[PDB]
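1. take this sequence and fold it.
(chains A, B and C, ligands or ions: 12)
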Amino acid sequence: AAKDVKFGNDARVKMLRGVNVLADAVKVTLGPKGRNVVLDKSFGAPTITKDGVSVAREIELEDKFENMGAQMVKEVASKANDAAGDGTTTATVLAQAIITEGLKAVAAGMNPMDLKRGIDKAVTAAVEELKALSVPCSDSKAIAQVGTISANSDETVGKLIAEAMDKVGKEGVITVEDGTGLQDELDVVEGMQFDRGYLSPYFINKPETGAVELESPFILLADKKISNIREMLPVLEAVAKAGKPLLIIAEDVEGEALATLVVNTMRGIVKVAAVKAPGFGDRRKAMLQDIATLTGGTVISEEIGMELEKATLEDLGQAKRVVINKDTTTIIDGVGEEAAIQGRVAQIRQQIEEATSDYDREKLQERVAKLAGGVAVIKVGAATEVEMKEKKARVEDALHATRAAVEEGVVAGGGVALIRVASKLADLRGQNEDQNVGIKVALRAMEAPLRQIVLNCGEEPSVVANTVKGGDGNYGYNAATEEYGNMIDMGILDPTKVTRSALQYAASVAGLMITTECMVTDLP
Amino acid sequence: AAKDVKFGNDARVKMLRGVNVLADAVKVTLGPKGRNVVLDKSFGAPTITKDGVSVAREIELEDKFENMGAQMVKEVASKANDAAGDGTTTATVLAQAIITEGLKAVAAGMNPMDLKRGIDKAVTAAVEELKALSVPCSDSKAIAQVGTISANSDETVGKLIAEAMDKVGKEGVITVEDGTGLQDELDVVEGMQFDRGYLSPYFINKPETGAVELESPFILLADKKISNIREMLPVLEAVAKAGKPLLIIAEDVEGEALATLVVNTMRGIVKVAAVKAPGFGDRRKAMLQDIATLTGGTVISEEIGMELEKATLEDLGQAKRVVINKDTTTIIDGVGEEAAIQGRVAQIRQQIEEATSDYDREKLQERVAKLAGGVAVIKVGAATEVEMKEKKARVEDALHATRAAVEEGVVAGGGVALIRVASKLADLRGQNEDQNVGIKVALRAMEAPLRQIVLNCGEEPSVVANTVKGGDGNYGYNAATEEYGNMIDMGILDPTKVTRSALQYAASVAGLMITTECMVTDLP
Amino acid sequence: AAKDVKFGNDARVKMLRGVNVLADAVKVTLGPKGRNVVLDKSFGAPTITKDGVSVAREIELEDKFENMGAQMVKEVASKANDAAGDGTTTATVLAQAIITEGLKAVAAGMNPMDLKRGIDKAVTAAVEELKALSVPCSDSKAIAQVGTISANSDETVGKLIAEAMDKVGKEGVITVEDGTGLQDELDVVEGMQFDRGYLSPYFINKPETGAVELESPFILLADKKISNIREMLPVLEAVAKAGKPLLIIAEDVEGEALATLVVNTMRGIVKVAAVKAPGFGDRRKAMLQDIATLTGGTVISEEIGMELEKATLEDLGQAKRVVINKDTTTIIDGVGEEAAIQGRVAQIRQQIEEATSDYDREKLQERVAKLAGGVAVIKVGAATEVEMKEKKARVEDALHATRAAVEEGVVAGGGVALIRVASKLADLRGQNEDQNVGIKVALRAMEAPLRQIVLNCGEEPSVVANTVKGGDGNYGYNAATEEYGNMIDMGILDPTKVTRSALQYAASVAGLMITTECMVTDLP
Ligand SMILES: Nc1ncnc2c1ncn2[C@@H]1O[C@H](COP(=O)(O)OP(=O)(O)O)[C@@H](O)[C@H]1O
Ligand SMILES: Nc1ncnc2c1ncn2[C@@H]1O[C@H](COP(=O)(O)OP(=O)(O)O)[C@@H](O)[C@H]1O
Ligand SMILES: Nc1ncnc2c1ncn2[C@@H]1O[C@H](COP(=O)(O)OP(=O)(O)O)[C@@H](O)[C@H]1O
Ligand code: BEF
Ligand code: BEF
Ligand code: BEF
Ligand SMILES: [K+]
Ligand SMILES: [K+]
Ligand SMILES: [K+]
Ligand SMILES: [Mg+2]
Ligand SMILES: [Mg+2]
Ligand SMILES: [Mg+2]
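-> Residues are numbered from 1 along each chain as shown, chains lettered A, B, ... in the order given. Ligands and ions are numbered 1, 2, ... in the order given. Now the structure:
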């Protein structure tokens, strides 16, 4: 309704103070000597986190102007997280430095939009230099290293991730869940396994109790429910009874089919089992074809001139063995030739890139893996729930970080990257003096991350930053050992993707934020 | 509703202060060295914008009177927007100037209604002088220029629009959507293509690309959803003997029909495909006749005496090719008479002037494009959502502005146009001395845009206004380069329509506003 | 609720101050040098108006008593508007004057009830003197003049109204709507105009812009809906297939009834069209016979001993041409006897009385115009919405004023009429001295309008009032030219009816208001 407006430097100060609250809150978590922030939650017990964007998201201020500022820089940490998954704190520190020096330049009466232009040019150039310094991260050693770094110097996490990426490969899927016991644990499921259980509990064939085993069985795949009665199916069972046991996959299996199926499996004339198909309906309908081509069987598609009632023993798929429990169904191997199969693993790759980003990629690469690779799950150990949350957060951080490292390569850590490219951009100049100042502002702000890392140790940022600028190559400061040295040799690695993204995102919002000559909001 | 009344100068001052708050808020965005305003939003993050009407709309003041003033002048920016789409800020600045100088004139005790009379006369003359100064904007260079100017000196956007307008021809449509990646992108679809997919994936001919290609097919156009194949059948048998494929368009095609159709296209009995009609009921039924006349077939209307069972090969439409994928359908080289096409486009032009703006103009011209011209979409690149808002806003501004240039021609930018016609009206006089004063108020106020453009650079407006008024023709001040020169030669162009509009709209509300002797509102 | 009572002068002051607030608010709009009032509105933008009653209606005051006063005198402006349509401001000023001098007289201890009697007697006499002074207003010159005057010296309005009233005659109907473009436009539809559109768009004939033309067709008139009446129809269809096209008018034509009609106009058996009947159920059936006698056709009433299926080729009416679009239908040159036309015109004349003056007259005069004469519509041009409200208000004012003048004639403007009758009543006396004082109060108050018109110019009202009171006849003051002269020759004319009304209503509420010895209201 009724508004309140402020103009010029008067508004810039309020906005800046607002930025500074969010930034000062996020800064303490930066680097190895960084400390932890506690975020209250109304419903439960509090959460303790070193994760930057988690802290940033929770910040909101009275005094609506300061709040506007904070709400604006919150976006840099949020997009940093949503793109890379690590380095949010760094992106925030960069944003703060840029806003500060930038507004300082505006106070000098320099043209703000021109400052923005200079900054953005400086950033594009710096991004080129970054993409240049990057060296591929391939061998499991380096991977374990960047893993350890994103995890705040927990070696176990890095080595565990290196192992997982080693077993299921890069293309393979890796997920992380809460662990029961205190030790971190890595579970790896190979081959075709999907998450659904047996419809009838009577099917257990083994002293394994819940589990069910079928040796070299035949697999039947149906698009439609058997939900009516057992009428249509038995013609297939008659051919299936000749030499083999049988596995069923469909939409669902109702009583009339199930009970009779049970009675026949009990004596049993032939051993049979039935489970729901893996996913939600359409995706799952797509996954039935996966199971089909994998087992060398054919899907029965109601919407074609193949009828559910008529099917022959050759229509069935074959497998070495199959195992079912309350949770998942498993095929121990496909009997179909790898030419056609790998044809389908390759052809699904055209489906891999799409407007759905990672939503499709998790379960699609899941699909690809289940056919070719494997799926992995990391159970994070902790004593208490408050340790559990933070620990798992660092783990997911390390996972994102390693994926980024693998994808875009890595550059020297400890914030030595940005300062190193900044030294290469010293001769860069713009169209006018204002733009020159903008560039110089950006180049100054790229020192921020390192100075903050040093500062969290309670040491001179000026001195360390200088003695680093005195050096060449990967020479940098090791904050944990509080000594200088070669970063790459010390195994301190920043994934290029996260440094690149953090810088890009910081400059994007700070650039716009320093062009503010007016602010409009609701009344207090 | 207990009221509160104020009279005369006592009330005029409150009104003026409010106006001054709205205007001073909008002004900072004026011109190239103009700056940005931040608008808080309850639901989301704040918005950063250089767009004038965007800032104007958000303004509301506590004091009911001041608020009445602001709420009244907000309309000039709004109408500016609804007519031109650019020049909102300018229209606001003109309104502020006229109001200020006018109320001062009332302080002299002059007759307000006569001041309005004088102002309106001066404006009426100035518009003609503008129509004289306006020169055609045709070549892609000029278009690119006005684009660049309205876009706040982003040349890329200016070139993009000129290019697009070149590719889709006149009557072709150009729209802008949020872009996925950081770079700007121009997409162009030529001819008749609508967004619907094949109903069954089994229809696919010539895979991969999951596309269906029909060479010289028959197009079937149905107003109703297709459930049974009985009603469907005769025409299909007629086409199978015909030697040709068949394309289907309806509200939808239900199971029995799809299934029968799929099985028949599979057996290799007939090559067929089916897609939904393009829009919602009135929209789709309206577009069915377009597609019909384009392909020379006749729509089967249950609501007329054609029933689907009775259908003829002549009821069918024909085309050179049709191509369908999961997303879009395309009709290539329809066989419908060029006569019929220009007939229906002409018949749509009567719908073009329809009193309901925005989407009606947008989606109607869209249809036109599909029949004759082509459609284009400009995707705006940005790192973050706030940058996306700023860039995309500037893009639609540049878009409307270029369209305005094409329609009404262009005049010298930098507001040098208004001052130039104002010098031409210097000998104008009215019926009495007061009206004479009104004219002078208008002519003095036409300097405002230029003086503000200069003022936002932090330079003497007085001096620039003088040295410009000393000159003639298109000689003006370049605010970006902060040096003088010919406006047209330096490519600073104001679309004549937005400049003409800004002035008329400003004058209409301000003229009335200075006639206020009393103000009535609710009590605090 | 708990009340609050005040007695005598203490309460009278409270009433008076409120009256004075309403009045001082309305007065500022009086005469040519009058000014404008701004009225806040919660939902939308504020409203700017010179219209008196509009300002009056919006007034309500905190203090309950002052509010009682204002709320009571608001009724004079309201009744003035509801009767005349102009002269609201004048009526208000009269009321304030009368109330003021009256309360003054009450302070002298005069019997209020006697004062009321004196006032009313003086007024009743003053009306006679007015109708004596009244001169016929006929010629388009005069019409244009009083029109222009009520419109606040906008000549275009006077000319437009004169054009319409000359074109459509007096009895003809005139309405006013918001205009598309900036310029005022007068549209005139001669002959039989019909408000409803075609039910099927396929009926379209040779014209474009979706119009249908039938040359020398037959007219069909039905009381009942045609749906299942499809089969009833053909007996008539035989003549339509024989020699000529066909037109249908009824309650409605449902689906499948319509379709058959369309198909035949397509195949080319018969050219036909169908539209809904004009009005709501009972009103409309009366207008059907009008159309019947106009075209020489006969109404078919299912609700009479006219049967639906059987009708003859001669039972139909004939016309030169008919034209239909989405909005309106038009019948050219009915073949019905002038005997029948003037017969229905004459038989409606007892109905022009219509047992009331208000609701019915509006749409009845519409019917009257449509049958013999013609209808006119004035579209009002404006740049912006706030101007549109103001312009159309003055236009509607001028329209009412012209009709009033034509019916009752005109008298000299500038409020010189009343001051002229006041001189004639100088010898008037009552029953006792108090009543005499009342008479003199009315006569004294009749000077008020002129003195206010003068006062809004910032001139001595006393001086102009005296030097005007010194002359005779139509001698008066022109406030726009600010010099004296003959009023009617200068084209300043007040319709006798509005002055007569203003005086009567003002006297009615003011006479009673001064009789107050006590006031009761709710507590704060
Ligand atoms: N032992 C270390 N010595 C020097 N720099 C380190 C060390 N460990 C991590 N860093 C640097 O600190 C940064 C880690 O920041 P962190 O606190 O994880 O928040 P974020 O990852 O969101 O920036 C990385 O850029 C990394 O290069
Ligand atoms: N470099 C420049 N030098 C001088 N005038 C300019 C320059 N760029 C734009 N202008 C003028 O400034 C005005 C820009 O309007 P803008 O500030 O974008 O808001 P709006 O278009 O809503 O008024 C136009 O008159 C344009 O001609
Ligand atoms: N040029 C003029 N000189 C003097 N009086 C005028 C002039 N024009 C109009 N008037 C008077 O002004 C009065 C009407 O003005 P206005 O207040 O706008 O409407 P109303 O009072 O009828 O509601 C009429 O009595 C008319 O005679
Ligand atoms: F504080 Be982090 F590693 F996003
Ligand atoms: F200030 Be704008 F580009 F309408
Ligand atoms: F106050 Be008005 F011109 F009816
Ligand atoms: K961290
Ligand atoms: K702008
Ligand atoms: K008035
Ligand atoms: Mg990290
Ligand atoms: Mg602009
Ligand atoms: Mg009037």
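2. quick one: name the residues of chain A near ligand 4.
-> Proximity of chain A to ligand 4 (C-beta under 6 Å from any ligand atom) is limited to residues A:29, A:50, A:51, A:52, A:86, A:87, A:88, A:89, A:397. The way it works is simple: take the backbone N, C-alpha and C, and place the C-beta from them, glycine included.
3. and the residue in the stretch 201-350 of chain A that ligand 10 sits nearest to, what is it in contact with?
-> Closest to ligand 10 within the stretch 201-350 of chain A is residue A:349: 30.5 Å, counting by C-beta to the ion. Taking C-beta atoms under 8 Å, 6 or more residues apart in numbering or on different chains as the contact definition, residue A:349 lies against residue A:368.
4. ok, the residues of chain A next to ligand 4 vs residue C:524, which is closest?
-> Nearest to residue C:524 among the residues of chain A next to ligand 4 is residue A:52, at 58.1 Å by C-beta to C-beta.
5. right, and the closest one touches residue A:78 too?
-> No - with contact defined as C-beta atoms under 8 Å, residue A:52 does not count as touching residue A:78 (10.2 Å).
6. who has more neighbours out of those two?
-> Applying other C-beta atoms under 10 Å in any protein chain shown to residue A:52 and residue A:78 shows that residue A:52 carries more neighbours, namely 29 against 19.
7. mind listing what that one touches?
-> Applying C-beta under 8 Å, 6+ apart, the residues contacting residue A:52 are A:26, A:29, A:30, A:77, A:80, A:81, A:88, A:89, A:90, A:91, A:92.
8. tell me the residue of chain A that sits nearest chain C?
-> Nearest residue of chain A to chain C: residue A:1, at 11.4 Å (C-beta to the nearest C-beta).
9. which residues touch the nearest residue to that residue once chain neighbours are set aside?
-> Nearest residue to residue A:1, sequence neighbours excluded (C-beta to C-beta, 6 or more residues apart in numbering or on different chains): residue B:60, at 6.1 Å. Residue B:60 makes contact with A:1, A:2, A:3, B:67, B:70, B:71, according to C-beta under 8 Å, 6+ apart.
10. which of those sit farthest apart?
-> A:1 and B:70 (13.0 Å).
11. and the helix or strand hosting residue A:330, which strands flank it?
-> For residue A:330, the host element (DSSP states H and E) is strand A:329-331. Strand A:329-331 has the following sheet partners, assigned by DSSP bridges: strand A:192-194 (antiparallel), strand A:321-324 (antiparallel).
12. for those, which one sits closest to ligand 12?
-> strand A:192-194 (84.2 Å).
13. would the residue nearest to residue A:1 count as being in a strand?
-> No - read with DSSP: H, G, I helix; E, B strand; the rest coil, residue B:60 is coil and lies in no strand.
14. need phi/psi at it.
-> Residue B:60 adopts backbone torsions of phi -150, psi 140, taken as degrees, to the nearest 10.
15. distance check, the closest residue to residue A:192 other than its chain neighbours against residue B:13.
-> Nearest non-adjacent residue to residue A:192, counting by C-beta to C-beta, 6+ apart: residue A:331, 4.4 Å away. Using C-beta to C-beta, to the nearest Å, residue A:331 is found at 84 Å from residue B:13.
16. more neighbours: these two, which one.
-> residue A:331 (25 against 15).
17. list the contacts of that one.
-> Contacts of residue A:331 by C-beta under 8 Å, 6+ apart are A:191, A:192, A:193, A:219, A:291, A:294, A:295, A:319, A:322.
18. at 7 Å what do you get?
-> Applying C-beta atoms under 7 Å, 6 or more residues apart in numbering or on different chains to residue A:331 gives the contacts A:191, A:192, A:295, A:319, A:322.
19. who in chain A is up against ligand 10?
-> Residues of chain A lying near ligand 10 by C-beta under 5 Å from the ion: A:86, A:150.
20. the strands paired with strand A:329-331: which one's closest to residue B:493?
-> Closest among the strands paired with strand A:329-331, using C-beta to C-beta: strand A:192-194, at 62.9 Å.
21. quick check: next helix or strand after the closest one?
-> strand A:212-215.
22. check which helices and strands the helix or strand following that following strand sits against.
-> Where DSSP H and E defines the elements, the next helix or strand beyond strand A:212-215 is strand A:218-221. Judged by 3 or more C-beta pairs under 7 Å, 6 or more residues apart in numbering or on different chains; DSSP states H and E, strand A:218-221 is in contact with strand A:246-250, helix A:281-295, strand A:317-318.
23. try 8 Å
-> helix A:234-240, strand A:246-250, helix A:281-295, strand A:317-318 (3 or more C-beta pairs under 8 Å, 6 or more residues apart in numbering or on different chains; DSSP states H and E).
24. before we move on, the earlier item: compare residue A:1 and residue B:70 (neighbour count), which wins?
-> Neighbour comparison, residue A:1 and residue B:70: the larger count goes to residue B:70, with 24 against 7 (by other C-beta under 10 Å).
25. got the contact list for that one?
-> Residue B:70 sits in contact with B:18, B:19, B:21, B:22, B:59, B:60, B:61, where contact means C-beta under 8 Å, 6+ apart.
26. which residues touch the fourth one?
-> When you say that, I think you mean residue B:22. Applying C-beta under 8 Å, 6+ apart, the residues near residue B:22 are B:56, B:59, B:69, B:70, B:73, B:74, B:92.
27. surely the residue of chain A closest to chain C and residue A:521 touch.
-> No - between residue A:1 and residue A:521 there is no contact under C-beta under 8 Å: 11.3 Å.
28. you'd agree residue A:275 is in a strand?
-> Yes - Residue A:275: assigned to a strand according to three-state DSSP.
29. how far away is residue A:492 from ligand 6?
-> Applying C-beta to the nearest ligand atom, to the nearest Å, the value for residue A:492 to ligand 6 is 84 Å.
30. residue in the stretch 351-500 of chain A nearest to ligand 8?
-> residue A:434 (18.7 Å).
31. do the same with the stretch 1-150 of chain A
-> residue A:113 (10.6 Å).
32. so what's that residue closest to, chain neighbours aside?
-> Excluding the flanking residues, the one nearest residue A:113 by C-beta to C-beta, 6+ apart is residue A:515, at 5.6 Å.
33. measure residue A:293 to residue C:122 for me?
-> With the distance defined as C-beta to C-beta, residue A:293 ends up 108 Å from residue C:122.
34. so if I had to pick from the two, which one is more boxed in?
-> Neighbours around residue A:293 and residue C:122, counted as other C-beta under 10 Å, are more numerous at residue C:122. The numbers are 26 against 21.
35. so that one: helix, strand or coil?
-> Residue C:122 ends up helix, using three-state DSSP.
36. show me the contacts for it.
-> C:425, C:428, C:438, C:439, C:442, C:443.
37. in CSV: those, plus secondary structure.
-> Below are the contacts of residue C:122 laid out as CSV (three-state DSSP):
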residue, secondary structure
C:425, coil
C:428, coil
C:438, helix
C:439, helix
C:442, helix
C:443, helix
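38. what is the nearest of those residues to residue B:327?
-> Using C-beta to C-beta, these come closest to residue B:327 at residue C:442, 83.5 Å.
39. touching, the closest one and residue C:115? I think so.
-> No - checked against C-beta under 8 Å, the pair residue C:442 and residue C:115 is beyond contact range at 9.7 Å.
40. have a look at the two and say which one is more surrounded.
-> When neighbours are counted by other C-beta under 10 Å, residue C:442 and residue C:115 differ, and residue C:442 comes out ahead with 31 against 28.
41. quick revisit: and which of the contacts of residue C:122 is nearest to residue A:136?
-> Taking C-beta to C-beta as the measure, residue A:136 lies nearest residue C:442 of the contacts of residue C:122, at 104.7 Å.
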